[PDB]
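Below you'll find only one chain, the form deposited in one PDB entry, shown as structure tokens.
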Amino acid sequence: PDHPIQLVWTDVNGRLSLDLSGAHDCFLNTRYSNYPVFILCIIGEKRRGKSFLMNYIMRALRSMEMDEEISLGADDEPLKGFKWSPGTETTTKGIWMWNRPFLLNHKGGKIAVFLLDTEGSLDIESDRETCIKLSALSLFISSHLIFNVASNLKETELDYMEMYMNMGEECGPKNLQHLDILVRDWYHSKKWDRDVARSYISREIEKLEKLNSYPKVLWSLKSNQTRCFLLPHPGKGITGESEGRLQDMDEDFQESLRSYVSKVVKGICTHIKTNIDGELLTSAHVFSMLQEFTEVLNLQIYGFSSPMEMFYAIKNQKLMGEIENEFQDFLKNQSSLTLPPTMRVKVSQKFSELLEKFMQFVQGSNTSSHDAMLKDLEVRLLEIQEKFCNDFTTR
């Protein structure tokens, strides 16, 4: 009985918890463990139709799995999410996924398509750091991210997008992070004009070019790497009480949804992701990356206010560890027969140089986190230095 499963939740203390058994049963089944995997994620504001679009994309994927044509019936009831929220039930917040993948055919192989809904993100101020960490975990394992927006792009959303752009830099050789900005309720009827979409795009690109911020999303927009899709209002047949049927939809919304679902489920085969090793990603790889990035986020104890800031904090904590190891190795190379005075001079100078190197290689502009990291690095290197010297006493 295929059902939705909650993969990652946020504990009361802010730690990110993972369903190890569920992720093992989903990503490591012997059937599709080595099939190339494709994770589709929907991030956006609540009550905007993310689960609805995911359910229709799911029906299209079922059609593709059984035969070869994308079809959706005119009177069929929904499945998963809210469009088919269980009679008298609703949903929780976190990362949710479809327990069973969808196997498609591409150039002699089977692609395992996983559907990931991020019910709960883009908060106003309700536990901001934890929401950032959850959405970052989602964006880390995603091969195609659909950002469900409701108007012009907001700073929060643009920062999330820049983070998604940056979180694929060491995930493959020439990895292109594919992003689909889905604007909801942008127009009513009016059929469609290819003018409204490129007008939205022109507005956004002007805003970003003046911002001198969010540069990589700006490049992706001006390079047609990230694509924007603007569908009309669903109509009162979907809003409120409804069984999410296409007979309950506006025909313009129906056709726009069909076009978008075609876009999304027909570009999977043409955009498989490669890892740094040069191989294609599989579901077991995704399980491993899930665990690894969950623990990486649970260990980011420094402060941040934006997604990009948490990205830079991850990187700078890694820099801290690298400098610690460099100092320890420098001390390991030092002889036990060196002149103690010149030895203390040398070690103090390595201390100073490593601190300056941290300062020159730090990333981001949050000088507060920079100072905190430098202070803690100073304390650790001081411990290392005094330890080496203390042992040098008895020698």
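Think of the rigid core as the biggest set of C-alphas that the two forms share within 1.5 Å after superposition. When you see a residue number, it is the position in the sequence shown, counting from 1.
Not on display, but discussed next: the form deposited in another entry.
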Would you say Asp19 moves its Cα by 2 Å or more between the shown form and the other one, aligning on the core? no
Does superposing the core leave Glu322 with a CA shift of 2 Å or more between the shown form and the other one? yes
Please say whether, between the shown form and the other one, the C-alpha of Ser288 moves by 2 Å or more once the core is aligned. no
Given that the CA-CA distance for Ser151 and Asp248 shifts by 3 Å or more in the other form, does it become closer or farther? closer
CA-CA separation of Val12 and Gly120, closer or farther in the other form than in the form shown [shift of 3 angstroms or more]: farther
